[PDB]
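Participant: Mind having a look at this structure? Questions to follow.
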Amino acid sequence: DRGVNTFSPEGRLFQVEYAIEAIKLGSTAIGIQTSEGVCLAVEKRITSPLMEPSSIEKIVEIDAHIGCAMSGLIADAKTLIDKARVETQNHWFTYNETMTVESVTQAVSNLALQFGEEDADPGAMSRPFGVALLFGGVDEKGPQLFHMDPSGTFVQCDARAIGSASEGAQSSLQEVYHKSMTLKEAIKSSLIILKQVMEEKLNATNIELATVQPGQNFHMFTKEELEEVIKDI
Amino acid sequence: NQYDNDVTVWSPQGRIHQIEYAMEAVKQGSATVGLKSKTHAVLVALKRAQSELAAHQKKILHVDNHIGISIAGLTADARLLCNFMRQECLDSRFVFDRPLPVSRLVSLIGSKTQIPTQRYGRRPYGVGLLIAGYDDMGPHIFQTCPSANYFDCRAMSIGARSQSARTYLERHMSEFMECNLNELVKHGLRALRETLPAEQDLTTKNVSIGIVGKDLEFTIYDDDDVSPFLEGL
Amino acid sequence: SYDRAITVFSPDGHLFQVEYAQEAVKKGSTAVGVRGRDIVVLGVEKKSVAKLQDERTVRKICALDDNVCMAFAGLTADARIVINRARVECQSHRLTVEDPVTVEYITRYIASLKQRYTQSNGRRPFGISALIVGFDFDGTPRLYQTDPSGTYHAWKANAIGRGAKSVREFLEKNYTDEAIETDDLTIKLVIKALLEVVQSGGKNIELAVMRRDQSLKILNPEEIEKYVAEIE
Amino acid sequence: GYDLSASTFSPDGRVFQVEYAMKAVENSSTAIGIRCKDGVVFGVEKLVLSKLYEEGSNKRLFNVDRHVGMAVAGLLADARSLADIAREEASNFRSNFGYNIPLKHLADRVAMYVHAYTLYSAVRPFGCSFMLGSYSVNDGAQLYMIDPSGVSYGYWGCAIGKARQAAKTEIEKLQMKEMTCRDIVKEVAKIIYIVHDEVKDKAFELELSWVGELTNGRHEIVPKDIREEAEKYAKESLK
Amino acid sequence: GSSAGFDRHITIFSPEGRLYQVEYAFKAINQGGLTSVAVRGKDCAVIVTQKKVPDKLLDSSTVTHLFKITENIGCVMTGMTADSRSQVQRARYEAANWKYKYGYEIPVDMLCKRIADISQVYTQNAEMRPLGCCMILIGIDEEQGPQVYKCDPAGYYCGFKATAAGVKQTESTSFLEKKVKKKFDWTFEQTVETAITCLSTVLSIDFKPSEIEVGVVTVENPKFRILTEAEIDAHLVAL
Amino acid sequence: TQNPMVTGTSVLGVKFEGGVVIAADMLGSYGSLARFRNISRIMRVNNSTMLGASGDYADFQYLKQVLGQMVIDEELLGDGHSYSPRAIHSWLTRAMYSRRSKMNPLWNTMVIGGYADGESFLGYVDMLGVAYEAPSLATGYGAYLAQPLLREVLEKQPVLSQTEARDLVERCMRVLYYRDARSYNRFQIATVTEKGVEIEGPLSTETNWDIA
Amino acid sequence: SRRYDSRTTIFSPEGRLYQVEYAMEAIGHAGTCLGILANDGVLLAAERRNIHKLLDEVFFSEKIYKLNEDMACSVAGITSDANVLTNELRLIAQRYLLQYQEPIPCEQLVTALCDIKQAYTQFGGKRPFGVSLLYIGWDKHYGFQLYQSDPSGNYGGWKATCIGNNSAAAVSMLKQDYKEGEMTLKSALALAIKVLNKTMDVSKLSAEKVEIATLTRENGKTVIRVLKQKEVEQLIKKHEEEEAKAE
Amino acid sequence: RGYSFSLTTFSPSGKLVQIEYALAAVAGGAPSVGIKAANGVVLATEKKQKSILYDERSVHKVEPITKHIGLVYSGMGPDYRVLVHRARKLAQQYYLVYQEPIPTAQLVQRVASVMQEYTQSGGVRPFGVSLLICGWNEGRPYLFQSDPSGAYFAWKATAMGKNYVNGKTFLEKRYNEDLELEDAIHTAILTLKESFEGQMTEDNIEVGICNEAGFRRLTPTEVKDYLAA
């Protein structure tokens, strides 16, 4: 009845207005920006017991110093994380330097809102992305945690929760967060809020967590490392 | 009813709803203020809080050394239009080895913003801009709208509840030219303060102030650098 | 060129063309497969044999490479485009990499292809879902499932097509370390699951087993009847 | 649903998207021009919305070439595009044929660019009427006006804006054929104020320009000294 | 008449296959409110149309429906004036490519067929509407002599002994068809009066010298000439 | 331009206090032949800028319509910003460099004089895009036969007057008439000052003395 | 323009393609055509649609359109939409012989067109071909073959099949009288005439309403021969007399 | 830019409506009757002008393609011309490649291929014109009929235009395969007399013939001689 480029009577641009509602159908992802690093925790939402949990990656490697959490449709974010990995290598190739987290999220969010059915290019995107990405990592300015909406608006966040339970999960982050908290307390503070927002039981299988320290690189906790943090919760 | 779905469809009143809905998005944005004296031009912007733990935004972007802008509207469409402004200013210094006049840069925006409006399947740019720059003719406040037309202003405020600021600016608009650099910024602060609810106030974190001048290039002031300017407010 | 958006967002964040593409999957023939130890087994349920068919070209179990094969459920035409373009990638991978394709590689290529036609202009999503089995260079068995939306997941056992909701609940309860032990017991698990979704009875099915030591050889109609008798 | 596209005729053989386009001109402030013996004089009623706008903002008088002026009435966005197109039309002529473009040819090249968008559904007609004028030794003074439909006629004087008919009654009795340019400047300012409405649109700024023999065929905005004398003479006759 | 689906907008087949949309391009010709009369004699061909200046501020020399396609071929247009100038520029460009490619001046025979082929492309494609005007071309062929042809929005260029167009097309055709009875309708240089009386009878105007514009082609003068109002007054005073 | 056809000869220049003056003789050259002697190789760009060129005269007319028309385009909108003599020198250097990259160069060699903001500008643009600014400039064989005379006076007295620089140009143009075969008797002298560019008519070198 | 677009390539709420499902009904009213896989050869029996007496004969056949030296087809559907497909099949078969210097296998040529018939059911916004057409031929590998291709872009192997009008009642008859592996050529000519009777509303077959073409191997060379009117009339008289002795 | 989506789509009951409606425009056209005799083919159509001011020598409803081929139409005037000017181009592209006069059965397949391309490719409507194509090749006469759908049929004798159903049954009775070219001209004229409603004359019809000497349309003088009988 109408095209992909249209403005609402309030100017909401329905296709992105509806793409945000698709995020509320996705799994919950939480992250926290501390001074000693950032943590990224996400619910896997296992559909069936026969589903292999190792094949669900909601947290992927952008660069060695950067990592990202995903939500909503898993497929739509695969093309963005692929352009992010190419963008970070194109920067390291030309400038011989690690690409800052600010320029990564800004380059990926440029792909948002760019779509059209008229003379866009030989290939083109028919619809915006229904995904919400939490970028995180350590840059020359220190640990940073960013968010990317389907509207291409990227915002710096100390702690932010996304997904279906994002409402009511953000209210818990603002209560327990303070600028002086460490990374070990951030990993523990993430699982307690996940325990509230997750429908099924919380164990090492159905949760996916990874952190970025300034000294170390991006690393995801194995099955044996997650069992230690859960026992502390 | 059926005239608002396309930008190329005139209404029986000789009016385009799709362009007016785009001008509704810039009024649903965040309030930004700018004004000029006989010496300096200043941009003052509220950095909007999407949540309590999130670093608000960056609403003032660098275009060239002598030019800077403020954003009210879709943010990804702003930097999409700002990347054209940055490339247009680098084009002049590359070819002509001179700073591109602020009056001519805005003429290039009106020509680019119109093309989506007249063609089928494309949407108007939903971001307004307050362009502050210092040319050989002095400071320039030139405003851009979703409608391709532009306005040369002495003082202007855009975004949500900007009419309360335009009421303040219209009252003191006579004394702006005689103001010094420090006193000139304080007028934009009081104008932008009227755009806030009774329960909110101007702080160092939510306020960014751009300044351009004759012997001073365009520089943005962060939360730490806006403290001397907020000392008199 | 025809440029228009067929798949667009809807109220409450839904994609009609993608959701209706998954409804065409549930209208296709049932394909079931499991992942054993040294063995992986695929099987399908033919709707009507009629004994006028040439059983060779109507097979729903294809071979993407020597170590990788797939069986689908959905519109038959939409599948043949995916198999043909996946076989080109398997050969283009041996050209550049000089190594056989991993099962996860070809699954990501197919999943990224089913995605591309969801967000492309003037192109409808595929109406098929695929079950890919194979063996990596280390010898580990793999089972994956792709959807018209473009999402892929590994599985111990899975079912696609009509009646896959009941077969997936059947496989979930009966899959254990005992049934996946013997190579013959793994074959009997698929047949026991297929007989639940087949209303006609007997064996109208077609089953294919791919081991490691020596590539896939699809079982004849007489060989599948021997296991069907032992499960009676 | 015949009016939803410019490629669809009505049952009576009318194109509404072209007719709705010229209704946007009727919602725009009045701009007039007068062709006299010594040249062409332009004038515009320029409505400033907020007092914050700088004087000279939203300039309604464009120079498409050095000897040709332009005055627009309609959507200001579509007016600036056709100004750039008319500059390119006069640009490509001087490059190819090596001499200044005749305004008979310039008005036709622009009228066919405006008409080209009325035949298709992929584009919309322009919402701005505009006028052209110039002066030359051989060709003399010429004034043409292009409607949103793409039609161009010759005029001794014309009116485009909110009140189209009210200003035509003032120009018809003016007897411009025997009057020089400096006498028309005082008459244009008189017509702008009499057609203005002190009720609906309050604030306005008079924008005047001419082209003729006294500038040696060069279009320019009226100097402040002459413009101040014309505005005072016009308010005296307004009473 | 039965209409189904989108017959009413794009040009496609009605349930009776009438091109429901194309028939409205003929009704758009009457929107101009004018009538053109074309008649050919033995040694000459004549075109006469109504010249109406709605305002006294118009420039009479600029408003004309008679155009010169080439030196030996004239033209008269009836329809939307905006669509008129577009079709004339195509006829001038199509007649110039003929001389450049084929070496000799284009006949009136195949100048109308190429324009009729262009007007068809608008009817078959749904992305564009037909032109709302009809062209009437005259000239002197080498072998065939005088020729009068008219192409329409449907692309029908079929020849004429005499041609009528506009609002009075139906009335002026039946009246002049009774002059198909007298041999050659008295065919010689005074066939100008044949076209004048036909246009003057249906409109009941009794035109003045400046009320109509006339142009002619002859065997002695193959070049197309637009008659001056002083020369029109000579024929108007004789009837 | 792969090979030139009708070429010009050396164009002089010097900057004095208050403005800049250049001179170029009027002659065309095709294969060691004086063919078109009425051609004027000194161009007036706008009020504050003046230009002259040696080399192929056909490529110079192309830079007359491309560069001259760009001045109108800047004067149509009329916001008060005009092209400075060094902004035209920068645009024209970029145009000359973009032609050799496509291997379709412009054969000319150009000297851009101008006076703006109370500062005298004089600049050089070659076929290969080599550009700079010097107090005195001579192209073609003027670098050999003239610039040594320009540098000799400007080394002792860095700043000249309007009359002293004029005698310097007329004395260097006379030397070009003796020892340069492509030279010619009549020559244009154009001067830019605070009053704008003024291009004088033809002047004669006929005051030369031949003692044989 | 989005208002004028009919959305041919979209999905139905039930998971169906409208233009594909509607093209199937155009074939149900199309000309009846069948084929029978036998041991020594394959045949095509197609009921001729226009029997009009003022029609002449042009070239060699009506609905046949022999695609190659070793194989031929038969078309049922939109008459024009079949001509574009046959020209493409003659291009594909010759691009194979040009490239590999070998005759095209029948399984490869059917797959090649079904990719073209599908390309219009997915992208491009055009309408699909309304023609479902059969295939007969011989190759070096599997010998004589018979295929059927629907407008949906999917095909399949068949021992006996029928397309066009009354195809549902014709297949049901072929499910019985046909015997796998036991059918010879002359036995298949009798079975083809038997089906064309009950599946056509005409009281009998006059031999001008049917056209039969057989494909056999003679001296290592595939020959495609359309049975003439005298040869078809002998088959009709054989079945008409044998039907009387069976009752 | 043009529409890339097809305007002709399958109806619910399996039919292409834009082609079915294109046949209605043909059925309301002017009658055109071809007849294939033994030594030649004749094409006779009704050329009727709405008034006496129309010039009959201006446009010709019977136009040749090549020397040995000509064709006539029943339907819209303009949609015939863009079609016939392309048929003249396709025939000469054959002559450039093969240096041979194009066979009639070969030209009809290429023209019917063009009439189909506009029933499928998007943005264009089908033709409203049906053709009667005659030709002389390999010592045999040819008569073909191209429908707006793009399907061609070889006819011995047929008719189109207004009252084609009543006209087609009229040919079946009086047609004979042993007829010559001279006897076939009269039978084509008598069919145009079946539905006329007026007084037919030499300028009221247009007739042309194709024989071993090539295709040519009969001059208005030669047509009058055949109207006496």
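Labels used: A, B, ... for chains in the order of the structure tokens, numbers from 1 for residues in each chain, and numbers from 1 for ligands as shown.
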Could you find all residues in range 12-212 of chain A that DSSP calls strand (DSSP E) from the backbone, and write them as a PyMOL selection string?

Facilitator: chain A and resi 29-33+38-43+59-61+66-69+133-139+142-148+154-157+159-162+207-212

Participant: Chain G residues within 12 Å of chain D, counting only C-alpha atoms: which ones, as a PDB file with N, CA and C atoms, in the first residue's frame?

Facilitator:
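And here is the file that came out, out-v7.pdb:
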ATOM      1  N   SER G   1       5.529   2.181 -10.397  1.00  0.00           N
ATOM      2  CA  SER G   1       4.415   2.577  -9.546  1.00  0.00           C
ATOM      3  C   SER G   1       3.853   1.380  -8.785  1.00  0.00           C
ATOM      4  N   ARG G   2       3.656   1.558  -7.478  1.00  0.00           N
ATOM      5  CA  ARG G   2       3.182   0.480  -6.621  1.00  0.00           C
ATOM      6  C   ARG G   2       1.685   0.235  -6.750  1.00  0.00           C
ATOM      7  N   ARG G   3       0.913   1.249  -7.142  1.00  0.00           N
ATOM      8  CA  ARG G   3      -0.529   1.070  -7.273  1.00  0.00           C
ATOM      9  C   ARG G   3      -0.869   0.153  -8.439  1.00  0.00           C
ATOM     10  N   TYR G   4      -0.088   0.219  -9.518  1.00  0.00           N
ATOM     11  CA  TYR G   4      -0.395  -0.537 -10.724  1.00  0.00           C
ATOM     12  C   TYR G   4       0.205  -1.936 -10.714  1.00  0.00           C
TER      13      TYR G   4
END

Participant: Give me, as a ChimeraX atom specification, all polymer residues having an atom no more than 12 Å from residue 88 in chain G, counting only C-alpha atoms and skipping those fewer than 2 positions away in the same chain.

Facilitator: /G:65,67-68,81-86,90-95,109-110,112-117

Participant: Could you write those residues out with N, CA and C atoms, as a JSON list (two decimals), in the first residue's frame?

Facilitator:
[["chain", "number", "residue", "atom", "x", "y", "z"],
["G", 65, "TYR", "N", 7.30, -29.55, -32.29],
["G", 65, "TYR", "CA", 8.49, -28.71, -32.18],
["G", 65, "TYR", "C", 9.71, -29.53, -31.74],
["G", 67, "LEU", "N", 13.13, -30.61, -30.83],
["G", 67, "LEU", "CA", 14.15, -29.78, -30.22],
["G", 67, "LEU", "C", 15.57, -30.09, -30.67],
["G", 68, "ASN", "N", 15.81, -31.26, -31.24],
["G", 68, "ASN", "CA", 17.17, -31.71, -31.51],
["G", 68, "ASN", "C", 17.09, -32.95, -32.39],
["G", 81, "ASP", "N", 3.26, -18.80, -25.61],
["G", 81, "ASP", "CA", 4.25, -19.04, -24.57],
["G", 81, "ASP", "C", 5.05, -20.32, -24.80],
["G", 82, "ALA", "N", 4.54, -21.23, -25.63],
["G", 82, "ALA", "CA", 5.29, -22.44, -25.94],
["G", 82, "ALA", "C", 6.38, -22.17, -26.97],
["G", 83, "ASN", "N", 6.17, -21.19, -27.85],
["G", 83, "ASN", "CA", 7.15, -20.92, -28.90],
["G", 83, "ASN", "C", 8.44, -20.34, -28.34],
["G", 84, "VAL", "N", 8.35, -19.48, -27.32],
["G", 84, "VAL", "CA", 9.56, -18.92, -26.72],
["G", 84, "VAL", "C", 10.36, -20.01, -26.01],
["G", 85, "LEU", "N", 9.66, -20.96, -25.38],
["G", 85, "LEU", "CA", 10.36, -22.04, -24.68],
["G", 85, "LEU", "C", 11.09, -22.95, -25.66],
["G", 86, "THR", "N", 10.45, -23.30, -26.77],
["G", 86, "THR", "CA", 11.09, -24.17, -27.76],
["G", 86, "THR", "C", 12.31, -23.52, -28.40],
["G", 90, "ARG", "N", 16.08, -25.08, -28.06],
["G", 90, "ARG", "CA", 16.96, -25.32, -29.19],
["G", 90, "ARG", "C", 18.28, -24.57, -29.05],
["G", 91, "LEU", "N", 18.28, -23.47, -28.29],
["G", 91, "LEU", "CA", 19.54, -22.78, -28.01],
["G", 91, "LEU", "C", 20.36, -23.52, -26.97],
["G", 92, "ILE", "N", 19.71, -24.02, -25.92],
["G", 92, "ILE", "CA", 20.44, -24.72, -24.86],
["G", 92, "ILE", "C", 21.05, -26.01, -25.39],
["G", 93, "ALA", "N", 20.28, -26.77, -26.17],
["G", 93, "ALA", "CA", 20.78, -28.03, -26.71],
["G", 93, "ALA", "C", 21.97, -27.82, -27.63],
["G", 94, "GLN", "N", 21.96, -26.75, -28.41],
["G", 94, "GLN", "CA", 23.07, -26.46, -29.31],
["G", 94, "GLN", "C", 24.26, -25.83, -28.61],
["G", 95, "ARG", "N", 24.04, -25.04, -27.56],
["G", 95, "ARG", "CA", 25.17, -24.56, -26.78],
["G", 95, "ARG", "C", 25.88, -25.69, -26.06],
["G", 109, "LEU", "N", 18.83, -31.14, -20.34],
["G", 109, "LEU", "CA", 18.09, -30.10, -21.05],
["G", 109, "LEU", "C", 16.83, -29.70, -20.30],
["G", 110, "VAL", "N", 16.17, -30.66, -19.64],
["G", 110, "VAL", "CA", 14.98, -30.34, -18.86],
["G", 110, "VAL", "C", 15.34, -29.47, -17.67],
["G", 112, "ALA", "N", 17.79, -27.38, -17.50],
["G", 112, "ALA", "CA", 18.19, -26.06, -17.96],
["G", 112, "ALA", "C", 17.00, -25.14, -18.20],
["G", 113, "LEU", "N", 15.91, -25.65, -18.75],
["G", 113, "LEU", "CA", 14.74, -24.80, -18.98],
["G", 113, "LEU", "C", 13.99, -24.54, -17.68],
["G", 114, "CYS", "N", 13.89, -25.55, -16.81],
["G", 114, "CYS", "CA", 13.21, -25.36, -15.54],
["G", 114, "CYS", "C", 13.89, -24.32, -14.66],
["G", 115, "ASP", "N", 15.15, -23.99, -14.93],
["G", 115, "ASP", "CA", 15.78, -22.84, -14.28],
["G", 115, "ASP", "C", 15.33, -21.53, -14.90],
["G", 116, "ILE", "N", 15.00, -21.54, -16.20],
["G", 116, "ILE", "CA", 14.49, -20.34, -16.85],
["G", 116, "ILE", "C", 13.03, -20.12, -16.51],
["G", 117, "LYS", "N", 12.23, -21.19, -16.47],
["G", 117, "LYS", "CA", 10.83, -21.05, -16.10],
["G", 117, "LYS", "C", 10.67, -20.63, -14.65]]

Participant: Within 12 Å of chain D, which residues of chain H come that close, and what is the closest atom pair and distance in Å for each? Count only C-alpha atoms and give it as a tab-separated table.

Facilitator:
residue	atom	partner	partner_atom	distance
H:1	CA	D:122	CA	7.5
H:2	CA	D:122	CA	8.7
H:3	CA	D:122	CA	9.9

Participant: Between CA of residue 177 in chain A and CA of residue 202 in chain B, what distance in Å does the model show, to one decimal?

Facilitator: 23.6 Å

Participant: Identify, on the basis of only C-alpha atoms, every residue whose closest approach to residue 153 in chain E does not exceed 12 Å; exclude the query and any residue fewer than 4 positions from it along the same chain; express the result as an MDAnalysis selection string.

Facilitator: (chainID E and resid 19 21:29 78:80 83:84 87 115:124 129:135 157) or (chainID H and resid 78)

Participant: Please identify all residues of chain G having at least one atom at most 7 Å from any atom of chain H, considering only C-alpha atoms, and return them as a list in words.

Facilitator: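 Applying the cut-off to the listed atoms yields residues 5, 19, 22, 23, 25, 26, 54, 55, 56, 57, 58, 79, 80, 125, 126 and 127 of chain G.
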
Participant: Write out as number ranges by chain the residues lying within 12 Å of residue 46 in chain D, counting only C-alpha atoms and excluding same-chain residues fewer than 3 positions away.

Facilitator: D: 28-32, 43, 49, 55-61, 71-74, 76, 161-162, 192-193, 196, 201-208

Participant: Please identify all polymer residues within 7 Å of residue 20 in chain C, counting only C-alpha atoms, omitting same-chain residues fewer than 2 positions from it, and present them as a ChimeraX atom specification.

Facilitator: /C:16-18,22-24 /G:11-15

Participant: Output C-alpha atoms of each residue in that selection to a file, as a short mmCIF file (atom, residue, chain, number, x, y, z; two decimals), in the first residue's frame.

Facilitator:
data_model
loop_
_atom_site.label_atom_id
_atom_site.label_comp_id
_atom_site.auth_asym_id
_atom_site.auth_seq_id
_atom_site.Cartn_x
_atom_site.Cartn_y
_atom_site.Cartn_z
CA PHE C 16 4.93 -11.61 5.86
CA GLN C 17 6.90 -12.92 2.89
CA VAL C 18 9.34 -14.67 5.23
CA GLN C 22 7.99 -20.99 6.18
CA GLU C 23 4.34 -21.98 5.67
CA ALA C 24 5.32 -23.44 2.29
CA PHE G 11 3.60 -15.46 -1.53
CA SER G 12 0.01 -16.22 -0.64
CA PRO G 13 -1.01 -16.26 3.05
CA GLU G 14 -1.20 -20.07 2.71
CA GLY G 15 2.26 -20.40 1.16
#

Participant: So that each row is one residue of chain D with an atom at most 6 Å from chain E, can you give its shortest atom pair and the distance in Å to one decimal, using only C-alpha atoms, rows by chain and rising number, as CSV?

Facilitator:
residue,atom,partner,partner_atom,distance
D:7,CA,E:129,CA,4.7
D:8,CA,E:9,CA,5.3
D:13,CA,E:28,CA,4.1
D:119,CA,E:128,CA,5.8
D:120,CA,E:128,CA,5.1
D:150,CA,E:82,CA,5.4
D:151,CA,E:82,CA,4.7
D:154,CA,E:59,CA,4.7
D:155,CA,E:58,CA,4.5
D:156,CA,E:57,CA,5.2
D:157,CA,E:57,CA,5.8

Participant: Could the residues in this selection be written to a file with C-alpha atoms, as an mmCIF file, in the first residue's frame?

Facilitator:
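The file below, part_16.cif, is the result:
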data_model
loop_
_atom_site.group_PDB
_atom_site.id
_atom_site.type_symbol
_atom_site.label_atom_id
_atom_site.label_comp_id
_atom_site.auth_asym_id
_atom_site.auth_seq_id
_atom_site.Cartn_x
_atom_site.Cartn_y
_atom_site.Cartn_z
ATOM 1 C CA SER D 7 0.263 10.499 -16.319
ATOM 2 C CA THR D 8 -3.522 10.095 -15.960
ATOM 3 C CA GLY D 13 -9.404 15.567 -20.149
ATOM 4 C CA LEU D 119 4.205 13.623 -18.543
ATOM 5 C CA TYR D 120 5.396 10.957 -16.080
ATOM 6 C CA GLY D 150 5.440 24.397 -18.888
ATOM 7 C CA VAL D 151 3.748 27.053 -21.048
ATOM 8 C CA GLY D 154 4.973 36.975 -23.883
ATOM 9 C CA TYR D 155 3.927 39.743 -21.517
ATOM 10 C CA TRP D 156 4.176 43.483 -21.148
ATOM 11 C CA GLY D 157 3.469 42.961 -17.449
#

Participant: Identify all residues of chain F in alpha helix (DSSP H) (DSSP on the backbone) and supply them as a ChimeraX atom specification.

Facilitator: /F:57-77,85-101,142-145,147-156,162-179

Participant: Pick the closest to residue 92 in chain A from A:121, A:63, A:185, A:1: which is it, counting only C-alpha atoms?

Facilitator: A:63

Participant: At a cut-off of 7 Å, can you tabulate as CSV every residue of chain F near chain B together with its closest atom pair and the distance in Å to one decimal, using only C-alpha atoms and ordering rows by chain then number?

Facilitator:
residue,atom,partner,partner_atom,distance
F:87,CA,B:96,CA,5.0
F:88,CA,B:96,CA,6.9
F:90,CA,B:96,CA,5.1
F:91,CA,B:96,CA,5.0
F:94,CA,B:95,CA,6.2

Participant: Could those selected residues go to a file with C-alpha atoms, as a CSV table (one decimal), in the first residue's frame?

Facilitator:
chain,number,residue,atom,x,y,z
F,87,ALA,CA,42.4,30.9,-6.1
F,88,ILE,CA,42.3,31.1,-9.9
F,90,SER,CA,45.0,27.1,-7.8
F,91,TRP,CA,42.1,26.1,-9.9
F,94,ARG,CA,44.6,21.6,-10.9

Participant: To one decimal place, how far is CA of residue 24 in chain B from CA of residue 11 in chain B in Å?

Facilitator: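 Between CA of residue 24 in chain B and CA of residue 11 in chain B the gap works out to 17.6 Å.
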
Participant: So that I can check the surroundings of residue 161 in chain H, please list as a ChimeraX atom specification every protein, DNA and RNA residue that reaches within 9 Å of it, counting only C-alpha atoms and ignoring chain neighbours fewer than 5 positions away.

Facilitator: /H:25-33,73-75,130

Participant: For C-alpha atoms, I'd like the residues from the last selection saved as a CSV table (one decimal), in the first residue's frame.

Facilitator:
chain,number,residue,atom,x,y,z
H,25,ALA,CA,-10.5,-4.6,-30.3
H,26,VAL,CA,-9.8,-6.8,-33.3
H,27,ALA,CA,-13.4,-8.0,-33.5
H,28,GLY,CA,-14.5,-4.3,-33.7
H,29,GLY,CA,-12.1,-3.5,-36.4
H,30,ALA,CA,-12.5,-3.3,-40.2
H,31,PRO,CA,-13.2,-6.5,-42.1
H,32,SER,CA,-10.2,-8.0,-43.8
H,33,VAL,CA,-10.5,-11.2,-45.9
H,73,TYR,CA,-4.9,-6.1,-40.6
H,74,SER,CA,-8.2,-6.0,-38.7
H,75,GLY,CA,-7.9,-3.7,-35.7
H,130,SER,CA,-4.5,-9.1,-36.0

Participant: Restricting the calculation to only C-alpha atoms, which member of A:119, A:193, A:52, A:133 is positioned closest to chain H?

Facilitator: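 Looking only at the distances to chain H, the closest residue turns out to be A:119.
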